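Engineer: This is the structure I have questions about; it appears just below.
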Amino acid sequence: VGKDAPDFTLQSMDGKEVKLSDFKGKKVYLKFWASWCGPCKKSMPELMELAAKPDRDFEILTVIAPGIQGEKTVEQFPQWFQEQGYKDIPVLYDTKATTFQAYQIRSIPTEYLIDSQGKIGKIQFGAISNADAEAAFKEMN
């Protein structure tokens, strides 16, 4: 069966504590990215579309590593995010890159699509469309 997605507990951009296993019972779209990464930014508008879809049986979570490998500090990131026109996308602060390491992230953007019991259903390097994601989740429990 699917390998367990490594658990994490991270602070979000808006100050919430977010723990992956608290989402058991719901599917999860998990995206690792960075503000300096062009293909990452390219993918954000479509992810905002997806977030606006009301009938989702999955939650969207994205993860950056502030102050690490060129990423903005937590002091500067939220302002930068809003000034790009980005909205309605959760961003978690992987302060010690520990989550990136646990997911063996060696390239970005990378998406992990996780089923309702916390198992990894799909790993995608680079781009994945909304229809691609929706199709993958339709085959997961």
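Engineer: What is the gain in length, in nm to one decimal, between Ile123 and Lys87 on full extension, counting 0.36 nm per residue of separation less the C-alpha to C-alpha distance? List each step's numbers first, then the result.
Structural biologist: On the way: separation 36, 0.36 × 36 = 12.96 nm, distance 2.47 nm.
My answer for the length gained is 10.5 nm.
Engineer: Report the residues of the stretch 17-31 in range of a label on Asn141: point 7 Å along Cα→C-beta, backbone N strictly under 14 Å from it.
Structural biologist: Taking a point 7 Å out along Cα→Cβ of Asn141, the residues of the stretch 17-31 whose backbone N falls under 14 Å are 25-27.
Engineer: A follow-up question, please. Which of the GluC sites (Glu not before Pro) found in the stretch 96-141 are in a DSSP loop and have at most 13 neighbouring Cβ atoms, other than their own, within 10 Å?
Structural biologist: Numbers: sites: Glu111, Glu134, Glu139; in loops: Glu139.
Qualifying residues, ordered by number: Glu139.
Engineer: Could you tell me the relative contact order of the chain? Use alpha-carbon pairs under 8 Å, at least six residues apart, and round to a whole percent.
Structural biologist: 34
Engineer: Need one number: nm distance between label points at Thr9 and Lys96, each 7 Å from Cα along Cα→Cβ, rounded to one decimal.
Structural biologist: Each label point is offset 7 Å from its Cα along the Cβ direction, giving 1.3 nm.
Engineer: 5 Å is the cut-off here: which amide hydrogens, built 1.01 Å from N in the peptide plane, fall below it relative to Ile60, excluding neighbours closer than 5 in sequence?
Structural biologist: Under 5 Å from the amide H of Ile60: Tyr29.
Engineer: So if I average 1/r over every pair of distinct C-alpha atoms in the chain and take the inverse, what Kirkwood radius in Å does that give?
Structural biologist: Numbers: mean 1/r = 0.0660 Å⁻¹.
Evaluated over the chain, this radius sits at 15.2 Å.
Engineer: Something else about it: With Cβ to Cβ distances under 10 Å as the rule, what net charge do the other residues near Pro109 carry (K, R +1; D, E -1)? Present the calculation step by step, with values, prior to reporting the outcome.
Structural biologist: On the way: positive: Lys31, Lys41, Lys42; negative: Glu111.
Taking every Cβ under 10 Å from that of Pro109, the sum is +2.
Engineer: Now for a separate question. Excluding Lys16 itself, calculate the net charge of residues whose Cβ lies under 13 Å from the Cβ of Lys16, where each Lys or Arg counts +1 and each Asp or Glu counts -1. Intermediate results must be reported in sequence, preceding the final value.
Structural biologist: Working: positive: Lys19; negative: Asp14, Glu17, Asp22, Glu59.
Here the charged neighbours net out to -3.
Engineer: Right, another one. Take the Cα of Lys53, step 7 Å along the line toward its Cβ, and report every residue of the stretch 112-141 whose backbone nitrogen sits under 14 Å from that point.
Structural biologist: 113-114, 128-140
Engineer: Can you give the Kirkwood hydrodynamic radius of the stretch 1-63 from its Cα pairs, in Å with one decimal?
Structural biologist: Numbers: mean 1/r = 0.0751 Å⁻¹.
That comes to 13.3 Å for the stretch 1-63.
Engineer: Let me ask something additional. Could you work out the relative contact order of the stretch 69-141? I mean the mean sequence separation of Cα pairs under 8 Å and 6+ apart, divided by the number of residues, in percent.
Structural biologist: 20
Engineer: At 7 Å along Cα-to-Cβ for each site, give me the label-to-label distance between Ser21 and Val1 in nm.
Structural biologist: Here the answer is 1.5 nm between the modelled labels.
Engineer: When the Karplus curve 6.51 cos²θ - 1.76 cosθ + 1.60 is applied with θ = phi - 60°, which whole-Hz ³J(HN,Hα) does each residue of the stretch 51-56 get, with x for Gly and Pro?
Structural biologist: 4, 6, 5, x, 8, 8
Backbone-built Cβ (ideal geometry, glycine too); neighbour counts: all protein chains shown. No lab work stands behind these numbers, since they all come straight from the coordinates.
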